[PDB]
Structures are given as structure tokens and as C-alpha cells.
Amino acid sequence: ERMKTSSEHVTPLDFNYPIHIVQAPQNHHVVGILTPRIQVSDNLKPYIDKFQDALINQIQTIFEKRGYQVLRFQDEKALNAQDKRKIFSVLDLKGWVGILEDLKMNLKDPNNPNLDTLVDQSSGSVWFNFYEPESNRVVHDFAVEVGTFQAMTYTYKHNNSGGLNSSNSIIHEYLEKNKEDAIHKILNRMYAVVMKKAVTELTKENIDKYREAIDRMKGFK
């Protein structure tokens, strides 16, 4: 996806993906969610906590709507021996997520071959697995690519004769808002595609894939 940016208005962050699941009855199973470990580029460090916190809050609501109780844990090691015996399964999220800045590209418009652009470009991916902590049975695993978003920070057009002109003078000192807008729009897209994935994969059928065997092993009667 390729998106324009603005020097006038910075697009607000909007880390929310509407979920429409009818409240199921309580199934008395408890699931754990570990703090995600998404490593990010330096430009994303001011945002990643807001991003992760929203994601975890929304994923928690998927499980709750489907009738599970949900507990949060720092990491795998935070589950003591009794926790592991009791918990149905645990969701772990890991990721490598970055935005590369100030890339110059030709726009690839055959009708406009003199148009080039300065872009920010996303890169990386996030990986989910839902596993039973005693046995390491993988109940469900899935992933999402997030390196598919490009925001044009500055578009320029060469003169028919080549050489220098007002457009192709790139002055970063005038682009601060475009560049903030780029990061915000990419973040909003990356949030939506991760959450769409989560909603699509965290279904009753996938969550319950090994319910009988897990409940037998754990003595859940």
C-alpha cells in the first residue's frame, strides 16, 4: 500500500480495531497471555508501548468474548509449576517491526516518468503461537507480514531537460510534519492488519483444537 502524507495535519494514532463477537457462556478455562516482545526501530520506540498495550487489551477481549478467563504473565518463566498445570494454554507474540526512513524511489508511473519520491517504508513481521505450557503442544500458530506499507514523505518532479529545479531540491528541514504523518499512518495500517489477523485466527475451533486431550492431561473434569 502506498499512501500520501500531509505537511498540514498529522493523522492521529488510532490503535483500535472493532471486534464483533457475541458473548459466549463461561467455559471455566483460563488462558495466559505473555507480554509481547516486539523489537522495533528507534523511530518506533516512542510508540511501541501504546501499540503493544492496545493489541494485548484487544486480544484479551477476544478470549473473554469467547468465554475464557484471561491472565497476564511477564514471560514463560513467570508461570510457576502450579500455574502451568492450571492454565489451558498460553499466547506468545514475538515480532521484528521497523520503518526505514528517507528512501528515494521512482514512482513507476509510465505516464509520469519524471516523478520520484522520498518514502518511509515498513519492514518485518509478527509471529503468534498458542501453546500448552506443560507439554509444549502447539494448539495454533500464525503470523503476519507488516513490511507492505509505504508513505510518501516528499514527491518531486524533474524538469523535462533534467538538471535542478525547485521540486527536486529536497530540504528535510521542511519535512518534519510529513515524516510524523508517515510514521502515524504506517503504525495505523500495521495495527489494523495485525488485529485483522488475530480476529481471523483466534476462533473457537482453533482455540479448542486440543481441548479434550489437554483437559484429560490436566484433570479438568
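Residues carry their position along the shown sequence, with the first being 1.
Stretches 194 to 202 and 12 to 20 differ in mean C-alpha B factor, with the higher average recorded for 12 to 20. Averaged over CA atoms, B-factors in the entry run higher in 161 to 169 than in the other of 34 to 42 and 161 to 169. Highest CA B-factor among the listed residues (80, 148, 136, 125): 80. In this structure the maximum Cα B-factor among 89, 129, 106, 121 is found at 106. Per the deposited record, the Cα B-factor of residue 102 falls in the middle third when ranked against the other modelled residues of its chain. Among the modelled residues of its chain, residue 61 has a C-alpha B-factor that falls in the middle third according to the deposited record. For residue 155, the recorded CA B-factor ranks within the middle third of the chain. Only modelled residues enter the ranking.
Split the chain's modelled residues into thirds by C-alpha temperature factor. Residue 117 is in the lowest one.
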